[PDB]
Amino acid sequence: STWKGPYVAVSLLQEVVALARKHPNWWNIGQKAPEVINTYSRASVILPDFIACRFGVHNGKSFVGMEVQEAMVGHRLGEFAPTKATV
RNA sequence: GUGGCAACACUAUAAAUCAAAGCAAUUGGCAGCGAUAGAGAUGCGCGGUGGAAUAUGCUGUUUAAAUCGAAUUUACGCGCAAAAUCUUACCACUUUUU
């Protein structure tokens with residue numbers, strides 16, 4: 001999907017710009033960004049940078065809080081919001 | 001009561017109940033009763049299943065919901081000649097009108 005426009009994260013970006021009132025990524029490298037970020041859609045992709053952000057993702061029953069680290073940068077956020085069919 | 005060596009052989013009614021117990025020709029269901037016809041109907045062949053994996057449907061388990069019916073033949077590639085949201089009726093949350 002890299003061809004002809006590779007990234008979709010608009011509502012996540014609206015919340016990210018809400019976080020970006022003093023620093024998007026600790027420009028003031030990262031300090032965990034204690035204000036929680038709670039998205040309402042997991043179809044979003046993940047953009048480079050975006051590190052140390054507390055993302056709360058919807059599972060259809062709740063919001064799942066997961067801290068992003070360096071490995072999950074080229075992913076789509078719905079991969080981290082399962083339906084918990086453990087057994 | 002008569003006969004006998006007897007087993008019993010007679011003769012011999014009833015008390016009491018029931019509303020039918022019966023009979024003959026049928027018309028249908030059986031055959032563990034035969035003769036004539038028809039079906040890969042077999043024994044005659046070929047290729048499958050059941051062995052492996054995938055697809056796909058169903059039960060059962062769990063999950064918040066795994067929406068609901070189809071249930072032995074004739075249910076299980078079934079309603080679905082198509083579910084990424086919508087289709088969608090089920091759940092979590094937030095609202096709406098009686």
# chains A, B, ... in the order shown; residues from 1 in each chain; ligands from 1
>>> select_by_dssp(residues="chain A", states="helix (DSSP H, G or I)", output="ChimeraX atom specification")
/A:10-19,77-80
>>> write_last_selection(atoms="N, CA and C atoms", output="compact mmCIF listing (two decimals), in the first residue's frame")
# COMPACT_ATOMS: atom_id res chain seq x y z
N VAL A 10 -5.97 9.55 10.58
CA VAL A 10 -6.53 10.93 10.81
C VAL A 10 -7.06 11.18 12.23
N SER A 11 -7.92 10.32 12.76
CA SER A 11 -8.50 10.59 14.10
C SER A 11 -7.40 10.45 15.15
N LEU A 12 -6.51 9.50 14.91
CA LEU A 12 -5.36 9.33 15.83
C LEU A 12 -4.57 10.64 15.78
N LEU A 13 -4.39 11.20 14.59
CA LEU A 13 -3.61 12.46 14.44
C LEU A 13 -4.31 13.62 15.15
N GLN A 14 -5.64 13.66 15.12
CA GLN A 14 -6.37 14.73 15.84
C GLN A 14 -6.05 14.60 17.33
N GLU A 15 -6.05 13.38 17.85
CA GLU A 15 -5.69 13.18 19.27
C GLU A 15 -4.20 13.47 19.49
N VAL A 16 -3.36 13.14 18.51
CA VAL A 16 -1.89 13.40 18.63
C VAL A 16 -1.65 14.91 18.69
N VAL A 17 -2.34 15.67 17.83
CA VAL A 17 -2.18 17.15 17.87
C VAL A 17 -2.76 17.67 19.18
N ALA A 18 -3.74 16.97 19.76
CA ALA A 18 -4.24 17.38 21.10
C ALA A 18 -3.11 17.17 22.11
N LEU A 19 -2.38 16.05 22.00
CA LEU A 19 -1.20 15.82 22.87
C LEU A 19 -0.14 16.87 22.54
N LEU A 77 -2.27 -0.26 14.09
CA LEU A 77 -2.63 -0.35 15.54
C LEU A 77 -3.64 -1.45 15.92
N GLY A 78 -4.44 -1.95 14.98
CA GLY A 78 -5.44 -3.00 15.27
C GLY A 78 -4.80 -4.33 15.60
N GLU A 79 -3.50 -4.49 15.30
CA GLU A 79 -2.75 -5.74 15.60
C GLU A 79 -2.55 -5.85 17.12
N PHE A 80 -2.78 -4.76 17.85
CA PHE A 80 -2.55 -4.77 19.31
C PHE A 80 -3.87 -4.70 20.08
>>> interface_residues(of="chain A", to="chain B", cutoff="9 Å", atoms="only C-alpha atoms (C1' of nucleotides)", output="PyMOL selection string")
chain A and resi 59-62+83-87
>>> residues_around(residues="segment 82-90 of chain B", least_positions_apart="2", cutoff="9 Å", atoms="only C-alpha atoms (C1' of nucleotides)", output="VMD selection string")
chain B and resid 65 to 68 80
>>> atom_distance(atom1="atom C1' of residue 31 of chain B", atom2="atom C1' of residue 73 of chain B")
26.9 Å
>>> select_by_dssp(residues="segment 12-87 of chain A", states="strand (DSSP E or B)", output="JSON, numbers by chain")
{"A": [37, 38, 45, 54, 55, 56, 57, 58, 63, 64, 65, 66, 67, 76]}
